[PDB]
Amino acid sequence: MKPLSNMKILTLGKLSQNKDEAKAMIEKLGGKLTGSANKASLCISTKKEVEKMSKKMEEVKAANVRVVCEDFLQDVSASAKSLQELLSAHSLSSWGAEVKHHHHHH
């Protein structure tokens with residue numbers, strides 16, 4: 006039971022899991038709640054939140070953090086498939102440190 010224990014988490018806006026249901030379940034896996042943006046690994050947000058494209062969303066986007074649905078937590082909690090496979094479909098965003106060792110600067 007170490008799905009989120011190897012990564013930090015951030016949640017923006019209301020999600021399916023409640024206050025006492027999100028915080029408790031996220032910490033139970035090993036997941037942690039960050040206060041910054043880029044420090045986080047996968048941000049928890051729904052497509053509806055993304056459609057709005059609020060100022061906060063811009064921060065996440067400019068922070069280079071991938072966005073995934075909250076049901077992700079339920080998926081790892083219940084199912085135990087591949088990490089890559091889960092974010093392959095659940096991921097609502099295609100950004101988030103796409104390159105870890107590539108020189109695109111000039």
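The opening residue of the sequence shown carries number 6 in this note's numbering; numbering runs sequentially from there. Where is the CB? At the ideal position from N, CA and C, for every residue including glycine.
key: Inter-stretch contact at 8 Å, needing at least 3 Cβ pairs: the region 58-72 / the region 86-104   = yes
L20: first and last residue of the uninterrupted beta strand (DSSP E) it sits in = Taken as a continuous stretch (DSSP letters only), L20 belongs to no beta strand (DSSP E), as it is neither H nor E.
query = Can you tell me the Cα-Cα spacing of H108 and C74, whole angstroms?
reply = 30 Å
request  = Less than 8 Å between the CB atoms is what I'm expecting for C48 and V72, so what's the real figure, rounded?
outcome  = 5 Å
inquiry  = Considering only their Cβ atoms, is the gap separating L78 from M30 smaller than 9 Å?
reply    = yes
For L9, the three-state DSSP class (helix, strand or coil) = coil
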